[PDB]
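Every residue, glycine as well, gets a Cβ built from its backbone with ideal geometry; the counts of neighbours run over all protein chains shown. Derivation of every value follows stated rules applied to the coordinates shown; laboratory data play no part.
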Amino acid sequence: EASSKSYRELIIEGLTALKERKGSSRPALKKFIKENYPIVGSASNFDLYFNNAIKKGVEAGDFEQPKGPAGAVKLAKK
């Protein structure tokens, strides 16, 4: 039902909408937020909000995000 969407959701929902088991990346999620979702993903500054949501969800042991030459977001507790 209606409950105010949040950037975390774009990540959690993105991981649920990603439909990938090997893992996804920052773009694979923004893509979902912009294409699988509205321009909220096809915008610009939002890209910064989703990032905070990733670190926020990942930092809280919500999603998994490595680093390397980039970073792949994976839905799963630490």
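The residue that is nearest to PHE63 (Cα to Cα), counting only those in region 6-50 that are of a type in the set (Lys, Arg) and in contact with a helix residue (DSSP H, G or I) (Cβ under 8 Å, 6 or more places away or on another chain), is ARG8. Each residue in region 51-75 was checked for being within 13 Å of the chain's Cα centre (by Cα), small (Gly, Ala, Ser) and on the phi < 0 side of the Ramachandran plot, and 3 of them qualify.
Scanning region 15-48 for residues that are small (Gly, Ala, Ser) and within 18 Å of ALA70 (Cα to Cα) gives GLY23, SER24, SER25, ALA28.
Entry remark, region 54-78: residues being among the hydrophobic types (A, V, I, L, M, F, W, C) and under 16 Å from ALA17 (Cα atoms) number 6 in total.
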